[PDB]
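# make a model of this:
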Amino acid sequence: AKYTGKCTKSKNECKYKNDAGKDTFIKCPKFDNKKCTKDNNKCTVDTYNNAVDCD
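Numbering: from 1, shown residues only. Structure data below:
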């Protein structure tokens, strides 16, 4: 599935709510694009492939 969440810069992590309403965390990639560039930026998670892209 594809979820949209919000990321935090320092921890470089995406937080999204799954369909049960549970906050779930998945680290952004560390190097260049796909890393979180500002607190509360959008991030898109693909739970089929365990992949995230952070803004």
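# quick one: end-to-end distance for stretch 28-45.
Taking Cα to Cα, to the nearest Å, stretch 28-45 runs 9 Å from one end to the other.
# ok, which stretches of the protein are strands?
2-8, 13-17, 23-27, 41-46, 51-54 (DSSP state E).
# could I have stretch 5-12 exported to PDB, CA atoms only?
Taking Å, rounded to 0.1, in the frame of the first residue of the first chain, the C-alpha atoms of stretch 5-12 are listed here in PDB:
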ATOM      1  CA  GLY A   5       3.000  10.700   6.600                       C
ATOM      2  CA  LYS A   6       5.200  13.500   8.000                       C
ATOM      3  CA  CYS A   7       9.000  13.300   8.600                       C
ATOM      4  CA  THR A   8      11.300  14.800  11.300                       C
ATOM      5  CA  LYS A   9      14.700  16.100  10.200                       C
ATOM      6  CA  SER A  10      17.100  15.300  13.100                       C
ATOM      7  CA  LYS A  11      15.800  11.600  13.400                       C
ATOM      8  CA  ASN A  12      15.300  11.500   9.600                       C
END
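# mind listing what's buried in that stretch?
The neighbour-count check on stretch 5-12 (16 or more other Cβ atoms under 10 Å) flags 5-8, 12 as buried. All C-beta atoms are positioned from the backbone trio N, CA, C, and that covers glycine.
# so what touches it?
Residues outside stretch 5-12 that contact it (Cβ atoms under 8 Å, 6 or more residues apart in numbering): 13-17, 24, 27-28, 30, 35-45, 54-55.
# what sits against the residue most central in space within the chain?
For the chain, residue 14 is the residue whose C-alpha lies nearest the centre (Cα atoms, centre = their mean; 2.6 Å). Going by Cβ under 8 Å, 6+ apart, residue 14 touches 5-7, 25-28, 36, 43, 45, 52, 54.
# so what's the residue count around the nearest residue to it once chain neighbours are set aside?
Of all residues not flanking residue 14 in the chain, residue 43 sits nearest, at 3.6 Å (Cβ to Cβ, 6 or more residues apart in numbering). Neighbourhood size, residue 43 [other Cβ atoms under 10 Å]: 23.
# what pairs with residue 43 across the strands?
residue 5, residue 54 (DSSP bridges).
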